[PDB]
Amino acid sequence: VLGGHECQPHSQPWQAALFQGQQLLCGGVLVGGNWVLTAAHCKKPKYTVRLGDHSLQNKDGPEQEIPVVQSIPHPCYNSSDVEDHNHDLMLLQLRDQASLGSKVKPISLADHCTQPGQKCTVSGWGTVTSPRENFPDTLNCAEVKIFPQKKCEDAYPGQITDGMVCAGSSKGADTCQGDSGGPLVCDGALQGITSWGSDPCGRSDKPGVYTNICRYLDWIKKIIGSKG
């Protein structure tokens, strides 16, 4: 997270993280008790979701390390075409139900699509600098603004679909490598999932690109609304 700051600890109780061992893979969002939403390009055969975390190295005390027993990418997501990022979404089913409270808790899915100029929040453990990477130990937060789609399209010509949403900052706040799969929160709801962006991060002319969650409501709800 460029141009941001260290989040107040556990102020994003929905924040998740994908670990393989001690190696941090991606961010994630807790949208249900046993359900974690992330980016499809983070798919791995085996990994563990960590919740209630702030410092990667240090014990904060909320941490819950829960393995995932099912990975469900979006059926129209394509790993073949690189740079076709459309439908970058995956739901991870947790073996165990998460223990919930002020420190850990699912976030409501946004039932509205957003509007340009909407101020939002991104969080993650991804690099705080770019191009020279610095991966912080503590979760970082930044405020961003929803870009109009046609500015988004012109920023990445031909690469933007209606399942994507652009969010950027004049002062350089942007998601970066290691934040993928993490939350985009607008008005206390989950508006998006960190998908991809430009090189370097935090370019005034290039906003971050997030999977537009208002478009996927019926697919997420169906899977997480099942008997699983």
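Numbers for residues come from their place in the sequence shown, where the first is 1.
- In this crystal structure, the stretch out of 53-61 and 178-186 whose C-alpha atoms carry the higher mean B factor is 53-61.
- Checked against the record, the higher mean CA B factor of 129-137 and 150-158 lies with 129-137.
- The residue among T121, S71, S108, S79 whose C-alpha carries the highest B-factor in the deposited model is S79.
- Ranked by C-alpha B-factor against the other modelled residues of its chain, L89 falls in the middle third.
- When the CA B factors of the chain's modelled residues are split into thirds, the value for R215 lands in the middle one.
- Sort the chain's modelled residues by C-alpha temperature factor and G4 lands in the middle third, per the entry.
- In this PDB entry, the Cα temperature factor of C166 sits in the middle third of its chain's modelled residues.
- Per-chain ranking of the deposited C-alpha B factor places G21 in the highest third.
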